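Single chain ahead, by itself, as structure tokens, in the form deposited in one PDB entry.
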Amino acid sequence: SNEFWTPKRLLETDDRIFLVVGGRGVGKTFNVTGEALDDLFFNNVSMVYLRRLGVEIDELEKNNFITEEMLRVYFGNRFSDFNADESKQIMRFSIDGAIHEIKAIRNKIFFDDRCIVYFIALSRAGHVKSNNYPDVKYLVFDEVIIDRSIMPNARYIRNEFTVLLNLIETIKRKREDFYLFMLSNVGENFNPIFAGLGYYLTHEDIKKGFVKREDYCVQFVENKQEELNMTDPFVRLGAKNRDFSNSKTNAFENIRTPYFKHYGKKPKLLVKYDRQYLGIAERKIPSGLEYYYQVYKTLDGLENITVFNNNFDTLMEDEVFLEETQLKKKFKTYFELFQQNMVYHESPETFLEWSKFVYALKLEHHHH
């Protein structure tokens, strides 16, 4: 009867950055979008719908982004008779006895001849920042985490999290009131979005529906297990095929938690990042080698470890500059080892710091 998930709890807290994970088919996009229409229609505000890849937007049904059922549930009795024409891709409806119309053209949705929704893709939006969106209060990131099942080969954009942040500034031109919604159908570690936020996924946090951080709040949406009527043939048929049943809870199936271990010796190499020094230490073992990733706040006790510097300004003394060509030779193999859970991190905090560094420089990795 009532929509399972609502964005209200997230809106009530002070934080303005919300991350919603799991519960695909629950209409997260339906409810997040649904809440805003109240604002978009009469507060002279617009919304930007963000997708990672430009291909995803072209396939998206823009005529159905705002649907009659959506208007009817959020406005209810206030919503009047609705007489849309699908050939012309125009919707006419009346609210409060006042006529309004929605028409979807190109990548924009128009309400009473005013643009309320912008459809832009991160792969294309990043390439031009001269664009300017005058009034935007809501940015929504849908399917923000890659799902291997839906898409066999999908690669996160290069230095993705930084590209997104720069896009925020262009969309949000020093606006006090701005909201960001990130919606993921599946949640797992080792993505750049988690690295940027700094959130580390753990089963305990999954058990607790709500987790609180300083900058953002992440809420976990789990679709209630419903007694399935076995008199219905379609329900029985879905039950016989297990691959169908398992799809519902696949979101939190695997979180890709990484290994943790402590190693006393000093790293083979150091790289200075974020007023910090990252080091990798190798321990020789009979079968091969064992790799340990560490973070050092200071260089005390590490006189002779070579230091690589990514940034030109911060370089000083003997540290060697790190160029695009150089970082591949030294760190290509180390990055591949990082992506897979083949390495030991001293603590979860160090894993986040390393994630920020790795996902900034990750590139290509196609057929390698």
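In this text, the rigid core denotes the largest set of C-alpha atoms whose superposition between the two forms falls within 1.5 Å. The numbering used is simple: start at 1 and walk along the sequence shown.
Below, we turn to the form deposited in another entry, even though it does not appear here.
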Open item on the list: Please name the one residue from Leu165, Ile105, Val235, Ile99 with a C-alpha displacement of 2 Å or more between the shown form and the other one, using the rigid core for the superposition.
Closed with: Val235
Open item on the list: Is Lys224 displaced by at least 2 Å at its C-alpha between the shown form and the other one when the rigid core is overlaid?
Closed with: yes
Open item on the list: Could you check, with the core superposed, whether the Cα atom of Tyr259 shifts 2 Å or more between the shown form and the other one?
Closed with: no
Task: Displaced residue check between the shown form and the other one: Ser130, CA, 2 Å or over, core reference - done: yes
Task: in that other deposited form, shift in Cα separation for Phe331 relative to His127, 3 Å or more - done: farther
Task: Cα separation of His127 and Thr325 in that other deposited form versus here, shift of 3 Å or more - done: farther
